[PDB]
Amino acid sequence: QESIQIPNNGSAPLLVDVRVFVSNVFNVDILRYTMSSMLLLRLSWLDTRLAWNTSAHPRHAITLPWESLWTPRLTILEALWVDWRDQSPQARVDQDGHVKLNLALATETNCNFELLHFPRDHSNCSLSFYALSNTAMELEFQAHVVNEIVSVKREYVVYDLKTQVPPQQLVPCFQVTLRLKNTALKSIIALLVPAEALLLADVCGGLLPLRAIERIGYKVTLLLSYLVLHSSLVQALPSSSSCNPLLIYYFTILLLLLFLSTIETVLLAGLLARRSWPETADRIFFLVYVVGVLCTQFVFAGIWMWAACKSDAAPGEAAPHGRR
Amino acid sequence: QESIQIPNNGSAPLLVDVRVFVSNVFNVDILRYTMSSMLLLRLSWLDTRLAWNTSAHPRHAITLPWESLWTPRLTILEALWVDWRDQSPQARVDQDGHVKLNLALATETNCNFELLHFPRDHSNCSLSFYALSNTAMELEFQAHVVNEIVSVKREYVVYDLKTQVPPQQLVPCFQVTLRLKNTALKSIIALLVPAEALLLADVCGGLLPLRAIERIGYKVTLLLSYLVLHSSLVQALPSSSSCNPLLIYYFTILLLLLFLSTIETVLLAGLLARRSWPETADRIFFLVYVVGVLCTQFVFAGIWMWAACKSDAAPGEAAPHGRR
Amino acid sequence: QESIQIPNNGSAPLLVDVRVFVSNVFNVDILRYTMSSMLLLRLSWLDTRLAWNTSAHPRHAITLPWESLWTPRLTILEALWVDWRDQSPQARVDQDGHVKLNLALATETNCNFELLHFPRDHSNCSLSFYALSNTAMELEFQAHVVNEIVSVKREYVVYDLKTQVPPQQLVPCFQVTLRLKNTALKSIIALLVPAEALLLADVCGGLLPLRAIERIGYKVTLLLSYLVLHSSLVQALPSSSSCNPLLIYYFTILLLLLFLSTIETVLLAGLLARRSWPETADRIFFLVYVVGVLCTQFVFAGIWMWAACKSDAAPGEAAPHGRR
Amino acid sequence: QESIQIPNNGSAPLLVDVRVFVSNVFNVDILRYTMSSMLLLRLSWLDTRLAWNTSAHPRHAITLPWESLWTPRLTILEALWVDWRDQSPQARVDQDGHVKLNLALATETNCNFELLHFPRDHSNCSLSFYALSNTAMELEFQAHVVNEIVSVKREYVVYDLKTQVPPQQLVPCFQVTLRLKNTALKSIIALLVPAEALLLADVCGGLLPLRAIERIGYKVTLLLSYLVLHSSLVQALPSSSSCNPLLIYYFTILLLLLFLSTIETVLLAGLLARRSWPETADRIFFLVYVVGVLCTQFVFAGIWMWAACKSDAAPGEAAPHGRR
Amino acid sequence: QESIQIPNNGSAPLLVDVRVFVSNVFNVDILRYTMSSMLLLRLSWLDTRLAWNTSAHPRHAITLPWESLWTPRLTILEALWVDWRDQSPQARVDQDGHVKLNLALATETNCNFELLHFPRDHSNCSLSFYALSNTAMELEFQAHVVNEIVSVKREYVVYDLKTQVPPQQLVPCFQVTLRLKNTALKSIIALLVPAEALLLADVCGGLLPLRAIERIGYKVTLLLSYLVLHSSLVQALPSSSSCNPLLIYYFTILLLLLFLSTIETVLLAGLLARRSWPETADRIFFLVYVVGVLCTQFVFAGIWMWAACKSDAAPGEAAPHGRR
Ligand SMILES: *[C@@H]1O[C@H](CO)[C@@H](O[C@@H]2O[C@H](CO)[C@@H](O)[C@H](O)[C@H]2NC(C)=O)[C@H](O)[C@H]1NC(C)=O
Ligand SMILES: *[C@@H]1O[C@H](CO)[C@@H](O[C@@H]2O[C@H](CO)[C@@H](O)[C@H](O)[C@H]2NC(C)=O)[C@H](O)[C@H]1NC(C)=O
Ligand SMILES: *[C@@H]1O[C@H](CO)[C@@H](O[C@@H]2O[C@H](CO)[C@@H](O)[C@H](O)[C@H]2NC(C)=O)[C@H](O)[C@H]1NC(C)=O
Ligand SMILES: *[C@@H]1O[C@H](CO)[C@@H](O[C@@H]2O[C@H](CO)[C@@H](O)[C@H](O)[C@H]2NC(C)=O)[C@H](O)[C@H]1NC(C)=O
Ligand SMILES: *[C@@H]1O[C@H](CO)[C@@H](O[C@@H]2O[C@H](CO)[C@@H](O)[C@H](O)[C@H]2NC(C)=O)[C@H](O)[C@H]1NC(C)=O
Ligand SMILES: *[C@@H]1O[C@H](CO)[C@@H](O)[C@H](O)[C@H]1NC(C)=O
Ligand SMILES: *[C@@H]1O[C@H](CO)[C@@H](O)[C@H](O)[C@H]1NC(C)=O
Ligand SMILES: *[C@@H]1O[C@H](CO)[C@@H](O)[C@H](O)[C@H]1NC(C)=O
Ligand SMILES: *[C@@H]1O[C@H](CO)[C@@H](O)[C@H](O)[C@H]1NC(C)=O
Ligand SMILES: *[C@@H]1O[C@H](CO)[C@@H](O)[C@H](O)[C@H]1NC(C)=O
Ligand SMILES: [Zn+2]
Ligand SMILES: [Zn+2]
Ligand SMILES: [Zn+2]
Ligand SMILES: [Zn+2]
Ligand SMILES: [Zn+2]
Ligand SMILES: [Zn+2]
Ligand SMILES: [Zn+2]
Ligand SMILES: [Zn+2]
Ligand SMILES: [Zn+2]
Ligand SMILES: [Zn+2]
């Protein structure tokens, strides 16, 4: 039964060098706050118990089944599900005892996206591989990451990748940290351009005379169009506890402005139908509405330039598993 | 074959200490009444049959396969599906016989959400781990829960977590109870603000003269917009047998009010087209409609402050499995 | 190899007592005609070959792996997929040879819903557990069902549950029959109330004068709203070969009535624009339309009270597998 | 190792009689061109090596595990995925060596639907079970199909089922061919009735005077409604390379007719606003439009009665695997 | 343990001839940039260690389990998931040692679609089978591809298929390259025809007199219809980092043109309501708008004829795994 036990390096723990290849990051679901990726793990260690004399066996390398020798059972905390593409992998051992294991896996880890600057949000995602069955006094990890992404024409671009070993740990683990940036133009063209166009159309329609029947229908049809667009936006975005995207607030403000414009138009038209004072009030409100639209644009730009997504760290991140 | 039998503690049943780490609760589907979570179970017990003399074996801890020793087969009643991230886990046994087993799993349990106060609903979810293959006279559980959630910026926040052992049980089991509260602003901004804005717009449009063609089209377009919004809301919410969300009732009342306003406007305009009495009736109806809108808002607020979701307990909850 | 053979009861077949616990019925997909449920099967039988003397073995009960002894391989015909939550279950055997096996499974069986009275449809669902590997002369089943549903606040309520053993069978099987009733208010509030409100609005708008431009736009906007509502309804319901829901027919009739009203309004307005006769025709058509709407409501109520869903039995139900 | 080898029938290949029970065909996804079904395969053959003397063993039938004897490994070419409901099935062998194997499986095969006559499309679906590990000189199949469908109230009805053995084959295989016919009324009521109603409404609205403001809005609102309906239809149907459904062409023609009517109305109203000649042109265009609508209906009916879906056979169907 | 080791060809590496049958390519998800396919791999090699004398064993071919002999463990880098339809396949070995292995698998690989010319996009997809457990000095692959696609009536047509062995490789691998072309008419009829029709309708409605109330509502209703169509298009297409489809840009330009037309109409109508100069400005703008629409059509045609999708190669494609 000793063949499946972890090799002894002596006083120091056994060293396992892990090479991580990020084949692709294909799914980035902000609604579920999940990131799906494909990884290749090449784990190399030394097991002198498996060394054999070259004279007896002419082969310079042999393949052993996954359960015939000690292999580090890696577990990912953030991964919703892990699909190992090799159900029964094999370990390659040479005459000097160096064991190499290749594992191809697909995971859907949990990533805490910072959606404050949607659709240009920048987030940090982490994949923490833990060897729960072992202890830090027996197992040590050296993690290297190679950026071998095969799909680059995606909405989210992985530009920074690195590996680290959290110090002062009880469970031996290594963390692969990558950075996601959104470069998709679908959201912008889909929502922002129609929203700004509708706002400009409402501002222009404010110039129609107060006693024109063609104005109320115009305003209400624009209001319905913006309601549909706002519903599409809000259903296309998730809601956070504290740090929500600024786009939902901006669209809410614009929708309130459009509702205020429609309400003012209808109220003043009704009062007029009952230069007259309502027409002067309409002109003053039109000037104030144009000024308010410009001020709202400038204020939102300033907020975007000086916004802070200051959500507190999660209990798992504040106290990582297997620390101290 | 005795190596896989449950260890004997004597007259008292064997004690297994279970430490539960809630890594994340990522999916909360009110439509399916399901809650998906990731858990790490650390089960520690004593098996003196596995103890070995330290002189013979220099190792202070060994790893055994899942099927080479007795391990408690845990089953979750509420879980729609259980995905164990380790198909063949290993148990760590030291020289004194203390066996530790780490199991990482992902489940989609069934949670009875109290959706009465949507979108601020507060619910209790339960995960009951049962050892169906054993009996209470042989197995005992001590359950501890650690709140190590890695994703805190979610729509639903897990704020209270605890563990318990239901007394007077035949099947040894332990229950992990957590509390979910909804803090998502997506539903509010998506539906309530547009609904209130449309209601206010309809009230304001009630001030238009009865003999204005611009009024009927205005009312009908607002009615169509609110129909679309109501359809979106009802398709965005599930239906319960007795305790339904108050939002669907509130939106139904508002939709009926808008339909009544449109019907009154059209009927009075038609009768006028056939101060005249219909205009006086329109003014009286406008005053009554404003008063009724305010009264409906106050009544709904009072109902929300004094509503009771008094759904009877389910047969499974009333009579838990493996009791008496 | 005899340890995995079915125990011999003698001339009579072996008796296996099955206790079925219905933990939850969570998904009821009328579109796919599927019902998903979670079940716990407790199968108890007698295997005297496994009995041991209490003097030799102090244990009063032992656990054996799933493949170390004969266990009935149960197969569900209606189940689209079966997920056994215990991949390698264990059987508990006492000193007297009584073997007990607990199996927790999740299935998505096929249920023939009677959607004639949607959204108040009442249907019978069946789960037929077959022991295909055995014969009726060797295996017999006693099935008991316990209603331990943990989720009661669902759209569909399971109120009647029972078990039966189909007589004159070649393959030993037992059938669990449950009854589903729909109590969801989502469909009603979503569709019926807006549909009736739109119909009443169209009837009221029929009172507008024939030579009013505000009438045609009103009618067409209501027609568009009802077209959207009808599309939502038909996409929210499945289509059967013969016994379709009465709601689709009712909405089709109402849509045809609205189209007829709009067509009459437009035709008469055009003819008038080319007391005049078209106005008298419009008044007569309005009276006939109100009478027809009331008659349609009464006729649909009568049909609902006296409708028969007389779909012929399926070939599988007419000739169950393993009969005669 | 000879116990897992295929039994020798002599010069002639071994004969395996396969009985196929089609429990249900639940999913028919025209968008993915897939058909999901549940099947029970009863494979009976003769293995004289497993025969035993009745005097030694009193049992008249024994059960052996799936890997303890030779069993034909069946593979389905068209199946996207195969879910065997029995992971480790058992084979029943009597004293005379007759081995019977029952396999319950669920598959999602690829079916080439002939969607030319949607929603009344008639298609042929095929499930080809191949024994890739064997050769035709060693294995032979006799396939029988029993129509035991448990769900008959579906959109698609399976009315013809048969089995065949493709002659001149290298890989022993048997093909189960079924015929699907669509009887769903959801598509018809959802799309065709509203489309015809909107077309009739547009024809009737063509009678409005050219100098009426109520006509342009009427035409444009009908155009928007038909645009929504056409979008729903095209998103509810898939696109083929050559043989597309005639419904998409019919709806495209109707949409072009509605656009032409709206364009003519607007152009003539504008020219008139700048008996007058535009009114005479409008009357002539109305007559021509009614005649063209009737002619389009008749032409589409004739095309439907004399349409040929002449898509060439796929390379897989033209040259089946394991032929010659 | 030597029975599972790779056979030795001598100084030269072992040669494995791989025959690839592409049964079907059923899913092409541009949103996820994925291509799903079904493949049959026939791997033939020589293992003289398994040869046996024909005199001792009369059988000319035997079947061995997957784990009883050396088989190349193939891994696909681009595949999101691999479903092997045979969990425990068998290898056929004749008396001369020629081992043949048949593997039926279904994969969802990652394909970098060139969506510049949507919906007539042409893309290259690759499936790279890697033998990670072996080295190039021990294993060599000869790959042959047979186009046996069973479903030809799909949106995407596979017209070119080939196999290659990347030279100067450390990990033995073979790449199957296929070409996808889109022939679906669903996108064209769904979006382009309604978009062009709406643009033509807006151009025609520009001819309405500036002082007509029927013009503003017409323009705004067309604007709402095109907003809905544009939203449908953008939600029906994915967004790339650099090389986006030209259709989204074209629809954005058309939407901006429609917004400009509506804004000009409303502004000029308002200024007129406060030959007059606004009417002359409206006529000049109408001429300029027609000229601009024609110029935009010609410019987009020229761009389509002279567009370059020059996205840089992904890091995985630039540096393939196991090279040098
Ligand atoms: C046993 O422990 C020693 C020290 O922990 C390891 O030696 C280290 O190897 C790494 C190579 O990545 C070097 O960076 C360090 O400088 C080395 N430290 C010392 C003190 O030598 C050694 O690799 C371990 N051996 C095994 C088989 O794990
Ligand atoms: C055997 O049974 C005894 C009593 O049931 C267990 O002793 C208890 O251990 C817990 C530690 O969590 C204490 O809280 C109790 O106070 C103890 N009770 C007594 C009477 O000592 C003991 O742990 C069990 N031993 C094993 C191996 O399970
Ligand atoms: C062997 O067969 C006999 C008869 O079929 C079984 O005895 C029956 O047990 C049930 C208990 O549920 C009783 O309801 C019947 O009245 C009994 N019938 C008779 C004639 O005794 C017996 O249980 C079977 N034994 C085993 C181990 O299966
Ligand atoms: C061995 O081969 C012979 C001939 O191929 C098989 O005999 C046939 O069995 C079928 C029964 O379905 C009959 O329809 C044929 O008429 C028979 N042909 C002859 C020449 O007899 C025989 O079944 C095979 N035996 C086994 C065990 O496979
Ligand atoms: C051992 O190596 C030699 C050379 O690499 C292989 O011989 C080649 O076989 C292919 C057949 O596809 C021919 O195209 C080459 O021309 C051959 N080259 C030479 C030098 O003969 C041989 O097939 C290998 N044997 C095994 C069992 O793998
Ligand atoms: C993401 O990582 C970078 C450095 O790697 C750091 O500067 C930044 O603060 C991180 N952002 C968040 C939300 O953690
Ligand atoms: C939820 O739990 C708290 C205490 O833990 C309790 O007060 C409350 O009544 C529970 N609510 C429901 C619906 O069970
Ligand atoms: C359902 O079951 C009840 C009795 O259990 C029976 O009266 C009724 O006819 C059944 N309905 C159908 C559609 O089978
Ligand atoms: C389908 O099968 C019938 C006979 O079984 C045949 O007449 C018909 O041509 C087939 N249709 C297609 C598209 O293969
Ligand atoms: C696709 O393959 C063909 C030749 O096989 C090549 O000419 C073309 O440049 C390739 N296109 C891309 C985007 O790689
Ligand atoms: Zn080495
Ligand atoms: Zn930013
Ligand atoms: Zn210990
Ligand atoms: Zn509350
Ligand atoms: Zn007993
Ligand atoms: Zn009923
Ligand atoms: Zn027999
Ligand atoms: Zn036909
Ligand atoms: Zn050979
Ligand atoms: Zn091109």
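Swiss-Prot numbering applies to chain B: residues 47-320, 360-409, in that order.
If you check the header, you will see the structure was determined by electron microscopy, 2.9 Å.
Using the three backbone atoms N, Cα and C, a Cβ is placed for every residue, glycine included.
Residues annotated as N-linked glycosylation site in Swiss-Prot, with sequence analysis given as evidence: B:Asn55 (among others). The Cβ of B:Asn55 (N-linked glycosylation site) has 15 other Cβ atoms within 10 Å, all protein chains considered.
Annotated N-linked glycosylation site per Swiss-Prot: B:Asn99 (among others), in sequence order, evidence recorded as sequence analysis. Sequence-distant contacts of B:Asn99 (N-linked glycosylation site), defined as residues of its own chain at least six apart whose C-beta falls under 8 angstroms from its C-beta, comprise B:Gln141.
Among the features that Swiss-Prot reports, disulfide bond is placed at B:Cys157-B:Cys171. Sequence-distant contacts of B:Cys171 (disulfide bond), defined as residues of its own chain at least six apart whose C-beta falls under 8 angstroms from its C-beta, comprise B:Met81, B:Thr155, B:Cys157, B:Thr223, B:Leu224, B:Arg225, B:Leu226.
Under a cutoff of 8 A between CB atoms, and with a sequence separation of 6+ in the same chain, the neighbours of B:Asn170 (N-linked glycosylation site) are B:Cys157, B:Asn158, B:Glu160, B:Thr223, B:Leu224, B:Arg225, B:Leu226. Look at B:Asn170 (N-linked glycosylation site): DSSP puts it in a strand. Feature annotation from Swiss-Prot assigns N-linked glycosylation site to B:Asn170 (among others).
For the transmembrane segment (B:234-254), the list of distant contacts is 165, 260-261, 264-265, 268, 271-272, 275, 278-279, 282, 293, 297, 300, 303-304, 307, 311, 371, 374-375, 378: same-chain residues at least six beyond its ends, Cβ to Cβ under 8 Å. Per Swiss-Prot, the feature transmembrane segment maps to B:234-254 (among others); the stated evidence is sequence analysis.
Within its own chain, the topological domain 'Cytoplasmic' (B:255-265) has Cβ neighbours under 8 Å at 248, 304, 307-308, 311-312, 314-315, 318-319, 363-364, 367, counting only residues six or more beyond its boundaries. Look at Swiss-Prot and you will find B:255-265 tagged as topological domain 'Cytoplasmic', backed by sequence analysis.
Feature annotation from Swiss-Prot assigns transmembrane segment to B:266-286 (among others).
According to Swiss-Prot, the feature transmembrane segment maps to B:299-319 (among others), an assignment based on sequence analysis. Residues of the same chain lying 6 or more positions beyond the ends of the transmembrane segment (B:299-319) and with a Cβ under 8 Å from any Cβ of it are 241, 244-245, 248, 252, 256-257, 261-262, 265-266, 268-269, 272-273, 276, 361, 363-364, 366-367, 370, 374, 377-378, 381, 385.
Listed as Cβ neighbours of the transmembrane segment (B:369-389) (distance under 8 Å, sequence separation of 6 or more from its ends, same chain) are residues 163, 245, 249, 252-253, 292, 296, 299-300, 303, 306-307, 310, 314. Marked as transmembrane segment by Swiss-Prot: B:369-389 (among others).
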Spatial reach required of the 39 unmodelled residues, as Cα distance in Å from B:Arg320 to B:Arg360: 15
Number of Cβ atoms other than its own within 10 Å, given for B:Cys157 (disulfide bond): 25
Secondary structure tally of the topological domain 'Cytoplasmic' (B:255-265) (DSSP, helix then strand then coil): 7 helix, 0 strand, 4 coil
